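Let's start with one chain on its own, the form deposited in one PDB entry, as structure tokens.
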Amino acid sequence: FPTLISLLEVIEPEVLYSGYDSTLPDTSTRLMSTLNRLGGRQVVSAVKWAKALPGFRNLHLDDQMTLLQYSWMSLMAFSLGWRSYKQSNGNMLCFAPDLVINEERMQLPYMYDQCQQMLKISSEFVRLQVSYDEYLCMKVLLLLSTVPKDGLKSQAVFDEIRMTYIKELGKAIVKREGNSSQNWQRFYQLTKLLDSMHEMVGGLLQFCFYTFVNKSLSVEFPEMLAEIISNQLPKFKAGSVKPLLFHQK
């Protein structure tokens, strides 16, 4: 019988190439615009992933939109963290197979602090030695971990799917090779990591919001990403969104 984890492995999108043009000198504006073009295409792939994620399309369409609009940066930063862990052990930001940013290439204006925060996310995978199946279950949980304070249109469906994936993360921990001796400690550590992602991504989001609204910086955004940010930004800045935390703050 096929398992839900086996399905998460099969539906995970292939890694995209950027098409970065190395012939021009790096500038913060050009690099950020290139990263946003790659990000918009990664978000398209993440939407197709969510459509294929078992249970997700049973949500009301407005809730599917809300969850993707609220969680997109968490999903992208978590996956960047994973690729940087697998490909460089957290030493370089592995945005794409043709766009790998090492510590020297990140000393451009504005870039350094944001890039260090993205490396911090990847360092958590190193510290915890996260398995691929644990990563896949946690990534689903990030899609399901930011909601309106006023609730969702299909709340009972949402509560059921979120509980299903919480159980799946448990299964991924139990199926790591070793014994059951450390399974509660592991679940505690990975849910502490999930809770920490809200803060770790929050600064990335504030930076993205500033580069989006301040047109004088000349950072380009592709169309679907601009639409998503335009909807997400006012809700986040007004304090109308809440993270679903596993632990007391």
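One rule holds for the numbers: they count along the sequence shown, beginning at 1. For clarity, a rigid core is taken as the largest C-alpha set superposing within 1.5 Å between two forms. Residues that one form lacks are left out of the comparison.
A.B. asks: If we scan the other compared entries, does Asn179 go without coordinates in at least a third?
C.D. replies: Other entries vs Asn179: at least a third skip it.
A.B. asks: Select between 198-206 and 180-188 the stretch whose C-alpha atoms have the higher average B-factor in the entry.
C.D. replies: The recorded data point to 180-188.
A.B. asks: When the C-alpha temperature factors are averaged for each of 119-127 and 171-179, which stretch ends up with the higher value in the entry?
C.D. replies: That would be 171-179.
A.B. asks: When the CA B-factors of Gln69, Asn36, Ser218, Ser45 are compared as recorded in the entry, which is the largest?
C.D. replies: Max CA B-factor in the entry, restricted to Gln69, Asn36, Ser218, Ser45: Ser218.
A.B. asks: Please rank the C-alpha B-factors of the chain's modelled residues and tell me whether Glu160 sits in the lowest, middle or highest third.
C.D. replies: According to the entry, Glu160 has a C-alpha B-factor in the chain's middle third.
A.B. asks: Would you mind checking where the Cα B-factor of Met224 ranks among the modelled residues of its chain, as the lowest, middle or highest third?
C.D. replies: Tercile = highest for this residue's CA B-factor.
A.B. asks: Going by the entry, which third of its chain does the Cα temperature factor of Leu53 land in?
C.D. replies: Within its chain, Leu53 is a lowest-third residue by C-alpha B-factor, going by the deposited values.
A.B. asks: Tell me, lowest, middle or highest third: where does the Cα B factor of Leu152 rank within its chain?
C.D. replies: Highest third, going by the recorded CA B-factors of the chain.
A.B. asks: If you rank the chain by CA B-factor, which third does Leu4 end up in: lowest, middle or highest?
C.D. replies: For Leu4, the deposited C-alpha B-factor lands in the highest third.
Although not depicted, the form deposited in another entry is the subject of the following passage.
A.B. asks: Taking the rigid core as reference, which of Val213, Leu217, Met65, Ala52 is displaced at the C-alpha by at least 2 Å between the shown form and the other one?
C.D. replies: Going through each option, the one that shifts is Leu217.
A.B. asks: My question is whether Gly178 is one of the residues whose C-alpha shifts by 2 Å or more between the shown form and the other one, given a fit on the rigid core.
C.D. replies: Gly178: C-alpha displaced by 2 Å or more between the shown form and the other one.
A.B. asks: Which residue stretches between the shown form and the other one come out as moving, taking only runs of at least three where every Cα shifts by 2 Å or more after core superposition?
C.D. replies: After superposing the rigid core, the shifted stretches between the shown form and the other one are 23-25, 177-181, 215-217.
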